[PDB]
Ligand SMILES: *C(=O)[C@@H](CC)[C@@H](CNS(=O)(=O)c1ccc(C)cc1)C(=O)O
Ligand SMILES: [Ca+2]
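Numbering (mature numbering (1 follows the signal peptide of the UniProt record, and there is no 0)), first residue to last: 11 to 250.
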């Protein structure tokens, strides 16, 4: 997250860290959202590589013991059947991870609230992106979980030629584009939390940023629209 602030450790209890085995250690690669005690929602592009993955819930500082983390293996990966590695702009960037163990809930570990199916945010709706991704374009991951305010940019505006043009679809949410604040590599898969009717709900799964850089004016960070996939999500959780 470029232009972010350190989140309080109990602000976003549904955020997880998706990590892959690297030698004798584990490395963070993407965010994700805890949606069942044994299920995490993340981006399909985060699990394109044939790596060993684990999820960390109740994580705050990647490089220090926080005293609140639970570490669980990934037992099953279900990517949207329409996802295509070669066309992120086509959409379907979403995947569900079944955890090997059910995690325990507490103030640092909670299920993300999802929007009702079909919900679309009015332009300029208040949202926060969270994650441990690069703090600058071509930078390094954050140690502590970051958050940045990124107001939505509606479809008509985000799909206009000055913004993302045809690359953005109606199954996606755009947010930000101020040139200061944005998602960045390693934030993918994580949540976009938007305040609706007094409750924060996860409306987006972080998907991509411009090839030009993370914080690029009029290239808001783009997210899979969670409210477009509610039936798919329920179908996968029900069938496995
Ligand atoms: C997500 O982090 C996104 C920026 C918000 C990235 C793509 N996701 S990633 O950095 O996890 C991804 C890229 C490519 C590979 C091979 C592995 C990891 C983006 O650049 O748009
Ligand atoms: Ca930690």
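All C-beta atoms, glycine included, are put in the ideal place defined by N, C-alpha and C.
For residue 63, the CB stays at least 7 Å from every heavy atom of ligand 1. Residue 231 is positioned such that its CB atom lies closer than 8 Å to that of residue 139. The continuous beta strand (DSSP E) containing residue 185 extends over residues 182-185.
Proximity of the beta carbon of residue 16 to ligand 2 is not indicated: no heavy atom of the ligand is located closer than 7 Å. Beta-bridge partners assigned by DSSP to residue 213: none are found. The beta carbon of residue 133 sits closer than 6 Å to those of 164, all from its chain and outside the five residues before and after it, given in chain order. Remark: the C-beta of residue 20 is outside contact range of ligand 2, defined as less than 7 Å to any heavy atom.
Residues of the same chain with a CB within less than 6 Å of the CB of residue 89, apart from the 5 flanking positions on each side, are 54 and 105 in chain order. A distance below 8 Å separates the beta carbons of residue 184 and residue 162. For the pair residue 68 and residue 178, the Cα-to-Cα distance works out to about 33 Å. The bridge partners DSSP lists for residue 116 are 119. For residue 130, no beta strand (DSSP E) run applies, since DSSP gives it neither H nor E. Around the beta-carbon of residue 155, 16 or more other beta-carbon atoms lie within 10 Å, marking it buried. Under the three-pair Cβ rule at 8 Å, the region 146-153 does not count as touching the region 119-127. Bridge pairing for residue 71: 154 [DSSP].
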